[PDB]
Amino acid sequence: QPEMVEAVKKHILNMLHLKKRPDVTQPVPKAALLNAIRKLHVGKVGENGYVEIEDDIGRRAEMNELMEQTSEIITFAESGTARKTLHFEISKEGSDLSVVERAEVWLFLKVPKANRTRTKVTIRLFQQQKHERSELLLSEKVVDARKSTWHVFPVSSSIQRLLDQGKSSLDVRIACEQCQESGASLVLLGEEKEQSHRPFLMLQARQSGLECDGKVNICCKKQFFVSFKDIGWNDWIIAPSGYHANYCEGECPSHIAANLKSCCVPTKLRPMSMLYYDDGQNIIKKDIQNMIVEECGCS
């Protein structure tokens, strides 16, 4: 365990391009430090003097991973069998994704000649479900019918319910009895010169690698969190409080049945930002790549 701590310490020093940790010294007073990192927006400070890094690159990494778990699907409407009906055949991708972050229906309201009278019209979207036939109110929206424009119909929860039912098919009847009064018309089939006005459904959805537990020799990640306070480094390391020193252990079966050998290797790496005294007078905010191992696998 002391050897592990020494190893982690050497690792940190190497990534910071330091030959050793800074000598102890009476540093710049804490008030000065906090004020400086506050004004430069380097570190946000709560009361009692707890410091977090304001522009943490690790948070950006987590955000990127969120994007990596998120897919955006554009489904163009197919003509329905009935009048004023659209068919949406959502890709199987949406079935793999569990959480519906957002879903919109885009319909283009075409107003050939501008009309101020009856400025606003009520558009309704009915999901045609069977078991014989009943209609769900997908969306009831009041829109402006002054000029030709796109209109957006939020249908998040309804698409969520649809996917939860294990379905990716969606037939939509559209109703707008006041539309022609305003001299307006909903482009339901993007045909010919109005083909750039073909309606569509947008769907942004999320989806929601061994760790060493009791696994004997297989390639896995051992989690070893080490607080800087416990290893006597919290004097020159301002932030964060600790370091997730996860590492890859185990052996990997070869390609014997390119390269034959296989190694237990970090397959998922996360960057980490640090705020520290380089000496008694110099505080450094630094962003280090490949600092934290998130997953291990066989090469």
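Residue numbers run from 1 along the displayed sequence.
Unmodelled residues of the deposited sequence between neighbouring positions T81 and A82 number none; the chain is continuous. The deposited sequence places 10 or more unmodelled residues between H131 and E132. Higher mean CA temperature factor, per the PDB entry, when comparing 229-237 with 246-254: 246-254.
Of the two segments, 54-62 and 270-278, the one listed with the higher mean B-factor is 54-62 (C-alpha atoms only). When the Cα B-factors of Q180, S196, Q127, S156 are read from the PDB record, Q180 comes out highest. When the Cα B-factors of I74, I218, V143, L170 are read from the PDB record, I218 comes out highest. Per the deposited record, the Cα B-factor of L201 falls in the lowest third when ranked against the other modelled residues of its chain. Residue-level temperature factors show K39 in the lowest third of its chain, judged at the C-alpha atom. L260 sits in the highest third of its chain by CA B factor, as recorded in the PDB entry.
The entry lists a Cα temperature factor for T149 that places it in the middle third of the chain's modelled residues. Ranked by C-alpha B-factor against the other modelled residues of its chain, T122 falls in the lowest third.
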